[PDB]
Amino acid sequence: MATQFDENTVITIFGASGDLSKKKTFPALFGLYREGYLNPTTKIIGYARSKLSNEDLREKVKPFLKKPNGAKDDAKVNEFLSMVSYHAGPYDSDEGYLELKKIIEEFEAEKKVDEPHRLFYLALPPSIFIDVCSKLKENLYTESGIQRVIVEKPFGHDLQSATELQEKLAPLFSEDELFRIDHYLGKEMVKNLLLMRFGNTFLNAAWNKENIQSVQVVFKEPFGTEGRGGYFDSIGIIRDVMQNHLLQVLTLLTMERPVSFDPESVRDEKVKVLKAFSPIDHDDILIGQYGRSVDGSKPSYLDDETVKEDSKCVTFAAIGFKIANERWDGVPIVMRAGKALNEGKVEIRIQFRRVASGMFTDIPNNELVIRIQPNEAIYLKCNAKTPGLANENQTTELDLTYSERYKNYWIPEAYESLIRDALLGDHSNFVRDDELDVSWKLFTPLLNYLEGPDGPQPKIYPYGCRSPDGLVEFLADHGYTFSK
């Protein structure tokens, strides 16, 4: 019921010369075009301070456009580049925006446009958002068209900084025009979660404290922070992926059902469950920093020449959560994220309860695993009678590998899906301001405690190991029952 952007839409990518723009934003715009979801009358404008030409931009991004049909669809590559142009100018001053206002109004007149449709993708750090947002609002805002601006996380590093950014942003652009990106919300398997649970009685009837023993959201990466240790030092793993990506996923797994079809009904339920989270217990935590591999082949986090040697930076964290409402009361929830472990994986693991006594209880807990990445899949640990004369249980792993169906369909990348959604005006996969506020109210006390003077020292774990010491115990302390 929001207006869709199709013909004669102008997409301006601010920060167009940067890494994010050339490796992600423009490649995503192309993928949408290559598969027929970007209208050919779309004007794509890259804006940045440097003084490059239309040729420079096109040749800068060309190495990153994806050709899944190989040398085929090469006309599409050149087709797309021909829709892309460049304008140089400062973010700090009105002359660039007035010059841009002229390029755009020229195009919106050469095509008979009664209602300008303008998307501004801000591929910039927040310290430059507010300037550009001011300038767009002072110079390039039409009360007789519709404009939408995309910004990407982070929006702050704690409650105070996030509040300050939003205080400056709110008088410039409303929630309806703002599209705040957490790119996990564009991943195919993350987008399936709501319909998977709410659309299937076989899961929804069990999705409650009466049947769930343990909820886990799991993030593992096999590499470390080498080279960028000094930057990561003020971030840490909790800020990097847990406060945003992992919290988003958990929110989709625990919210109640949206009662209407408005995208804001999705967002209302996410905010609602966020407010029911109890405060984080600062003791119910497992904090780790990666040391040298047992190998000797891999450096410690501190071996990084850009990291001070007394650094308490957390590169692995497991955190317990509790949600105080009727569905979740007393269910222990764990989010755990680490760099420099043994594999790359993002995964949801839900363990169901067993009855304590009776005939079909000498049997392992049912379990549901949803792999978000790498190999999108759903697995169910099930129980069944042994076929034939035998009257014993055997546990069966049911495979719902999505590779079956995906070799048939076009599965967009996160940014492709997300830009599409913005063009269609659908806020379902974007962060709202109260969502941001509550998520920072939840994590800031933990972050203040860890980074203050009494901040605990992370336990060291070797690069490449499965789990820091204490993890398996931590999980069993949070309702996970291990089995054969």
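Note that residue numbering follows the sequence shown and begins at 1.
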Going by the entry, of stretches 443 to 451 and 40 to 48 the one with greater average Cα B-factor is 40 to 48
Of 115 to 123 vs 187 to 195, the stretch with the larger average CA B-factor in the entry is 115 to 123
Per the deposited entry, the peak Cα B-factor within the set 65, 431, 418, 424 goes to 65
Comparing C-alpha B-factors across 179, 86, 207, 379 in this entry, the winner is 86
Entry-reported C-alpha B-factor of residue 106 relative to its chain, by third, is highest
Assert third(CA B-factor, residue 388) within chain per record equals middle
Among the modelled residues of its chain, the C-alpha B-factor of residue 145 falls in the third labelled highest
In terms of its chain's C-alpha B-factors, the third that includes residue 313 is the middle
The third of the chain into which the C-alpha temperature factor of residue 57 falls is the highest
